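Consider the single chain below, provided in structure tokens and representing the form deposited in one PDB entry.
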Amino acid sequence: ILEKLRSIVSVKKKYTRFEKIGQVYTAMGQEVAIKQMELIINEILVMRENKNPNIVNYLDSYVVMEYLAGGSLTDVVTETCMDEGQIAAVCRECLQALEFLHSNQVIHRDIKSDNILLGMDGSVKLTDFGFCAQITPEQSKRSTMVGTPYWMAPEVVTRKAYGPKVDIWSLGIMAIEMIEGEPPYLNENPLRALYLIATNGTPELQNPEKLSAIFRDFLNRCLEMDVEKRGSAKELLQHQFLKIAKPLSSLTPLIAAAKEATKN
């Protein structure tokens, strides 16, 4: 245990109007979120270096993050029925965040609805960079099995050499959550889910006929077992499915519904 974590800290007078939130506080001429509590160092380092509009802004540490008042995507997917135009809008935003991170040789390794925060204007931002991997030409692949079982790519689960396309798979599982309300095998135990991802491979939708052919194709490109065949974030940003995306304002009735449903 070392103190070179004290070296990145900024060093009660800078922020006011503290109000406790979650299981994390809100404060203020901008509105901020302050999380008060070796991987914590990597998360602060990667967030400073990788600033983009589709990533929750790390502001300072003494951890001061920007505030997104519309909750997470989880509240929306578990309390509402999203249409394809809304799903395509969320997928486009996440792919813009992934295209940015991957070009900076960063693998998120934890893409899931819980890590997608929403703004009251419909803005979509990616968070939780604890599990991220910074790759390089000297070590372009990783092997560690990290992530949330239900969202993990089969190559991660089986501890094979993997790259940024593990995040593409996780995005594909997230789009399934947007359809079905839950990731595949959620009713199972996390270890039984790991076994199922490793053996079944590409998950099968409960009702595939409900989806348009263009959405089915988009998911097939995301959830392709052959990593070379699976699309990169840059390739999938050119997919026809994203062209049916509604403006980000279309997400605000969804935020309203989740807030109304979660009054307990």
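One rule holds for the numbers: they count along the sequence shown, beginning at 1. The term rigid core refers to the maximal set of C-alpha atoms that superpose within 1.5 Å between the two forms.
According to the entry, the deposited sequence has 1 to 3 residues without coordinates between residue 11 and residue 12. Once the C-alpha B-factors are averaged per stretch, 185 to 193 and 130 to 138 rank with 130 to 138 first. As listed in the deposited structure, the average C-alpha B-factor of 66 to 74 and of 201 to 209 is greater for 201 to 209. Across the options 55, 39, 233, 222, the residue with the most elevated CA B-factor in the record is 39. Per the deposited record, the Cα B-factor of residue 105 falls in the middle third when ranked against the other modelled residues of its chain.
When the modelled residues of the chain are ordered by their C-alpha B factor, residue 115 lands in the lowest third. Among the modelled residues of its chain, residue 21 has a C-alpha B-factor that falls in the highest third according to the deposited record. Annotation for residue 170: CA B-factor lies in the lowest third of the chain's modelled residues.
When the modelled residues of the chain are ordered by their C-alpha B factor, residue 86 lands in the lowest third.
The following text describes the form deposited with a small molecule bound, which does not appear among the structures shown.
Only one of 223 to 231, 193 to 201, 50 to 58, 207 to 215 lies within 4.5 Å of the small molecule in the entry with it bound by heavy atoms, and it is 50 to 58. With the partner omitted from this view, the residue of 126, 176, 88, 82 that lies near the small molecule in the entry with it bound is 126 [heavy atom within 4.5 Å].
Proximity of 65, 100 and 133 to the small molecule in the entry with it bound is complete: all three residues have a non-hydrogen atom within 4.5 angstroms. Although the partner is absent here, residue 235 lies well away from the small molecule in the entry with it bound, with no heavy atom inside 4.5 Å.
By the criterion of a heavy atom within 4.5 Å, residue 46 is counted among the residues contacting the small molecule in the entry with it bound.
Remark: residue 104 counts among the residues lining the small molecule in the entry with it bound, judged by a heavy atom distance of 4.5 Å or less. Only one of 43, 217, 235, 224 has its Cα shifted by 2 Å or more between the shown form and the other one after fitting on the core, and that residue is 43. Once the rigid core is overlaid between the shown form and the other one, residue 150 does not reach a Cα shift of 2 Å, moving by less than that.
After superposition on the rigid core, the Cα atom of residue 130 is displaced by 2 Å or more between the shown form and the other one.
For residue 161, the Cα coordinates differ by 2 angstroms or more between the shown form and the other one after the core has been superposed. Compared with the form shown here, the C-alpha atoms of residue 43 and residue 104 sit at least 3 Å closer together in the entry with it bound.
In the entry with it bound, the CA atoms of residue 43 and residue 255 move farther apart by at least 3 angstroms compared with the shown structure.
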